[PDB]
Structures are given as structure tokens and as C-alpha cells.
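The data below hold one chain only, encoded as C-alpha cells and taken in the form deposited without ligand ADP.
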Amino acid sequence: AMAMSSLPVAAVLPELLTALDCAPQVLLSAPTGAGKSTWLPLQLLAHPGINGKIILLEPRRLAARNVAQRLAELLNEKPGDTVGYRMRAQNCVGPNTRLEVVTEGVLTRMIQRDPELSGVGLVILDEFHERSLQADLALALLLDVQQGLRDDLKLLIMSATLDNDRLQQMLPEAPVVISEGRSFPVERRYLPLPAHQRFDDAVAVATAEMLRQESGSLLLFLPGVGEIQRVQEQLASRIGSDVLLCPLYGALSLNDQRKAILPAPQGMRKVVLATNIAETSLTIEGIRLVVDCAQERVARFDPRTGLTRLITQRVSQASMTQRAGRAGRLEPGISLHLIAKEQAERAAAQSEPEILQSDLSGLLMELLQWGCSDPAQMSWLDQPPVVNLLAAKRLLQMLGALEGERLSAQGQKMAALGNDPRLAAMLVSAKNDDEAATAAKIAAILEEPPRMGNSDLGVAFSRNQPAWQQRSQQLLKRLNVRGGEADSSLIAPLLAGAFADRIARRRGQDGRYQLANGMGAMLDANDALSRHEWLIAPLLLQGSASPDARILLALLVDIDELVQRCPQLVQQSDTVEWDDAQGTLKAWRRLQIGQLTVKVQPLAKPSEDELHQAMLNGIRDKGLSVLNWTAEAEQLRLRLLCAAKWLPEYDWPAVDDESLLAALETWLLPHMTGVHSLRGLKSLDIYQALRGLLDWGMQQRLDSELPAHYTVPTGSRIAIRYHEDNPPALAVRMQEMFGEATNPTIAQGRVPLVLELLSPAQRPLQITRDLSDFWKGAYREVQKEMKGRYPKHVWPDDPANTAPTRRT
């Protein structure tokens, strides 16, 4: 045929224009090779309904210039001209363009600088199904721009997956526009891999068996390049002469990418070994068999280490289904999933969005600069996790970016750079232009690390790699600094500020380090740097959930210089306590950098504010048990626990062991005047100190609603026995409860007392919290025995109404 086929996106275009000129957001769904990226933009550009410029966000650099260059050929122009692109370290735009194809956070920069996006009428978020943090952040900003003046700014969200329905739950007013092609049925099979076989052998065996039983070319999904290589080797010995093996990763041989995408040559079949880029973004042709290992490799932020790691995990049902459908574009196909069916049925329904698994220090920095005081104010498909926002806040504090709940003066400069916050912090902390140039080079290195196996950051620094140089110049421009001379002697204090938690000290054996944040860091025992005791390790590869990581890039520091240069790194902590194990007084001063003990020394004659503080730390060592816990103090503590359960509408203080240990400075220290010895620790009035946690009102409330004593009908004051878990109990002679028809209660009438009803001899007759039932029930059997063992007492037939003998 000579006249090309009108792409399927053409057939859906009129529906799109109608929705485009009707709603503030339009959602478009269409297969990836349908031309939604490489065609549709121009026709929205030529459409008079759209006013001005159109921005097209792409998830990665490689995608972005494919779209811009390919779409330029349609207008018979080269790019930069009418169709342009922007990247993190390159710009291609004239006085000319109307369609810009951006990536690598560029869209975020544009909106930050021009929050009304002047001249722009339509923004397109492509490959939205990948749920990048970048595209989520773009979506949130753009929805806020649209609630300002810009109620004319239209928005096209393009997804390659059929339905995306947590998106209309966010946007019910949004027209869904669906382009779909022929999708053939795919039979789904399951096969767990045996525990006694390697992954690569097991996958190769399963795959060779599929080739043996079934006809066609085969697409094999694997977690990454390494697995692709290893399975390929194992496959090579188990396949026939007609089977052509075709790996598929970005780092490949240009034509090897084509050999994998294009149909197998005549007479032969192909096995395409790919990562999940083949799942939605890439169209591999000639495929009717899929083998799905069902295992992804994803970035995971660890709030306890502040590190991001690559973990491997089970793929979701939605992506297993998307993977299976890759066997159904040509003809009816077959998909084999390398897990048991029941495990597939229990996999998460949907994939986890990047915003839930990543470092949010950059995002938080963006929202603050955007003017957002709390991330919840924005509209997210998925709200940022509280735990990671807190970790982000803490990091920004460490970097000095925050002033209360807003950006500090330095924080605003960091936000202007647009950089990773730790790296931005480093740049902004430079005190002169030589420190600036040093910081810029370090930053360009940490953004694009060397790809040899060299751990010394001073080595990379001394290299004059041209791409690093380019990035440095760009960062200095943003920083508004020029003409300084970089110097390696200026590196350590710059690093110290932005990576203080990653200062590393050698621990007992060469190669074993502990970081200031307390975690373990490993370097090869035969590494030049592992000859030294103190390092700063900005780049770390965490093995997995275990707080242990490999050191990838590090700098050697003389710790004495560093602490002298940066005194704020070192905090002081005194401890006084009694060692029962050896019957001696322990009293030391510890200088520490984070969790790293730098020096321990005998405590010199301390001030008294110092001594009291040192004793608090000793209590943290030995536990609250060293204080004097009277029955009364403990009962108070228990009453506070019970109040929080039974009277939760009030703000009762936490009084669990850890809250108390954590707050010693607030509740215990004020009372430590005149305590000059460990002996005096037992003299502190623990009851009064705990009671001090309550204002006058709450003290009255607690004394009234959870009273220490209950007054019974005789006028006697009987102690209530509180307990962390059991109902409050009241041990009382039965005779004293005469005249009371209703079981006693405390806590605003919410909690009946468990009555331990006793005989004259203080012997338990009945345990009840339904006193009314007791009088009518078991009492008549108790009355006869009380008429037998104590005939000298009156045991009335109607105790509920018998006048109480007034004691008082």
C-alpha cells in the first residue's frame, strides 16, 4: 500500500476536541503506538479552540526527544522550531515554537517561575499511567493554576492503560476519551518457580518449555538488565536453532533495539527479553506468547536511614494483566506468569505510585516554594505518606532550609536552585565564589556519579569531565556566582553541612563503618579509603531493609579539623547513674557526632543544671525504676491511663514508660532543685510531678471523675483499685452497701465499679458490677450464710432499700 493508514488516534480526535473545549481537564486513554504522542499534539495546535502554547511533559529524557524530533518530521522541520523541547541540561526553543516537549523536572521549574503560565493554553501530561512523582507534582500544580485566574488553561492527561479510575474519582467532571485497538483474548497460565533452582535457570527452563509447546514469538518480562543477561545465557543452551534471542534495554546496540521490536525474520521466532518498559511504553511486534516473571525492581525510600534503595517485589494484578495483554495485540495469545495462581490472586490490585515510596525532601521544598504550608491542601491522586513527609521535614531542618513552618532565608535560595535539597543546601552554604565552584562540581558529580568502581570522591573531583563541567556552570548561573576556582581542600566542610548524618567512623575492622545516623556502612577491605577512620559518605547503596549500606562515593576527613571547622557537628551529653553490676558510680561526658561516640571522658565537677541533666540521662539508661514509685504515684499513673480511655474527649497526658522517659526534662527536671546526689533521686515526689502535668481544671476533673476513694452509703471512704486493663475495683464489706440500689460508677457515669463484696471478716462473698442483679439474685443465698456465721448482724431481706447505718 502507498497511502498510509490513518492512526487510531485520528478516529477519536473529534470526540477529544469537543471535550477539550468543554472541560478544564480531559482524560485520554490510547495504546502507545497509536500515535497519541507522535501525532495528536499538532492537531490540538492547529485547532483554533486552543489558545497559545502547548506543553508536553514526558517521563524521561529519551522519551522526550523521540516525541519532539518525530513530531517535527510531520511538519517537515527539525526541532527547536515550532516543535521544541527542554531538558535538565539542554534547551531547544525559538521565538518560533508553540509546542514544547519537556522533561526532568522542567515543567515544575516553569510553573514555579510563572504560576499563571502566561501565553500557555493547554498542558499535556503524557504516559500518566507510570505515576511518576514528577507528573503527580505537575498535576497538582496545574490544578491549582486552574483554580486561580487561569480558568481558561486546558489540561490533557494521556494514559496508555485502558481504565484509570482513581483519576476520575479525583476528577468526576473530567471527560474520559478512549481510543482502543484490537485486543485479542489471552489465555493466562501460572507456574511457580522451584525453591531449589536459581532464578535465571528456572526462568529459562519455563521459557524453553513454552517455546516447545506453543507457536509464536515470545516476550519475557524480567526485573532488570542483569537478569536479562543471565537468563539469556541460560536460554542459549536450551533453545532450538530457529530461536533468535533479543535483549531489550536502553543501553543497547541501536539496531539490537530494532531487532527486538521488529518481527522475527522469515523462518524464525524471537524471544524478547525486556524490562517493564515493554509493558505499556514500548510496542514489541510479532508477539503472541508472554512469559512474566511477575517481579519488578522499584526505588524505595527508607525513612530510618534516609536512603533510597532498589528493591525487587511482586508485580500488581493490573500490571500482570497489562503484561498478559502484550500477548494479544496480534492474534489470540498465551501468557505464563511465573508465580502460583493463588499468589497472583493475593497480589496488590494496583501498582504503588512513586510518591508513596520516595524521598519527599525535594517535593516538600517545591510545595513550600509554591506557597503550600501543608501537602494535604493540594489535590493528589495519592496523598504523600505522613512518615516520609516527617522524614523530609526533619532533613530540611538539618539543612537549615526551614524557619518554623516556612522556608528560611537559605531555604528560599535552595528552592531557587531547584536542585536536590541536600545538594542545593551545599551550594547555598558556600561562603565565597571558590567554595561555590567547589560545591557546584561536587553537586554535578553526585547527580551523575562516575561509572567505574572508584569510591574516592576526591578522585572524581579532580577529573575534569566535560558534562560535569557543563552542569557546574549551569548551577553557578542559578546560584548567581561566577569566576571562582574550585579547590579540594574546601570539599569536606561543604559536605559536612549537607551530609552530616552520613559522616562515617570505622568500627573495629577495616571496611566496617557506622554513620552518624547510627546505621552501618560498608567499604571493601582493600579500598584506599578504608585505610582511614573518618569519612563523609554522601553516596550509599543500601542492600535492603537492614540498616546496612555499601559506600559508593566518599571523602576522607581529618575529624579534628572538621569538628574544629564545623563545631555544630558535635553535641555534648553527660551521664550519671549507678552501676549495680559492679557497685560503683558511673559518671562520664560523651562528645558525639550523631550516634557516633567521638570521645568519652570522666565527668569534671559539673554545674547543677549539668548534674540534673546527667541524672536524667542516667534514668534513660536505668529506667524509671530508679525513681520512688509509691502505690499512690503508680495509681495516679494508672488513673491517667484510664482517663484517656474512659474520658477521651479531654487532653490527658501520655504516661507510658517511653513518653515519660522522653519528657523527663518537662515533667521531672523542674522538681530537681537541691538534688545533689543519686540518693536524692528517690526523694522526688513522683505523684506531685505527674499531677503537675495537669492544669488545675483537669486535676479537679481527675479527682472527681476517677477518684482515689469512693464514699459508700455508710460514709466510709473505700479505695478504688485502678488497673491498666482490668475494670476499676472496689473491695467493700457488703453490709456497707445497704441502701444503694444502683451499682456505683465513675468517669461521668460511664464505668461501673467492680464490687468485691466482703463479709464482716473481710472475706470475699461476691464479685459483681451489677449490684442490682446481686440483691435480686445471689444475695438470698449469701443472706442465709451471713445469718449463720454472723447471726449478730442484721442481714435484711431488702438490702437495696434498708437504711444505711450512718457512720459519720
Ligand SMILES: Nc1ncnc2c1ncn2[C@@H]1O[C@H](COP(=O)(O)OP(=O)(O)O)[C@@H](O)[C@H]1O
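All residue numbers are counted from 1 along the displayed sequence.
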Regarding 148-156 and 408-416, which shows the higher C-alpha temperature factor on average in the entry? 148-156
Assert higher mean C-alpha B factor (309-317 or 448-456, deposited values) equals 448-456
Checking the record values for 302, 233, 173, 354, which has the greatest CA B factor? 173
Just to confirm, going by the entry's C-alpha B-factors, which of 741, 753, 64, 758 comes out highest? 64
Splitting the chain's C-alpha B-factors into thirds, which one does residue 51 fall into? highest
Residue 128, C-alpha B-factor rank within chain (lowest, middle or highest third): middle
Going by what the PDB entry lists, where does residue 647 fall on CA B-factor within its chain: lowest, middle or highest third? lowest
Ordered by C-alpha B-factor within the chain, which third holds residue 605? Give me lowest, middle or highest, please. highest
Among the modelled residues of its chain, the C-alpha B-factor of residue 702 falls in the third labelled lowest
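Not pictured, yet referred to below: the form deposited with ligand ADP bound.
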Pocket open vs blocked [ligand ADP transferred in the entry with it bound by site C-alpha superposition; 2.4 Å, backbone or C-beta, 3 atoms]: blocked
In the entry with it bound, the one of 262, 340, 310, 372 near ligand ADP [non-hydrogen atom within 4.5 angstroms]: 262
Candidate from 98, 637, 329, 506 lying within 4.5 Å of ligand ADP in the entry with it bound - any heavy atom: 329
Which single stretch, out of 47-55, 766-774, 746-754, 26-34, brings residue heavy atoms within 4.5 Å of ligand ADP in the entry with it bound? 26-34
Evaluate residue 258 for contact with ligand ADP in the entry with it bound, applying a 4.5 angstroms cut-off between non-hydrogen atoms, and reply yes or no. yes
Check whether residue 201 has any heavy atom within 4.5 Å of a heavy atom of ligand ADP in the entry with it bound, and answer yes or no. no
Within 4.5 Å, heavy atoms only: does residue 410 come near ligand ADP in the entry with it bound? no
In the entry with it bound, does residue 61 come within 4.5 Å of ligand ADP, counting heavy atoms only? no
Any residue of 7-21 with a heavy atom within 4.5 Å of ligand ADP in the entry with it bound counts; write them all down in order. 7
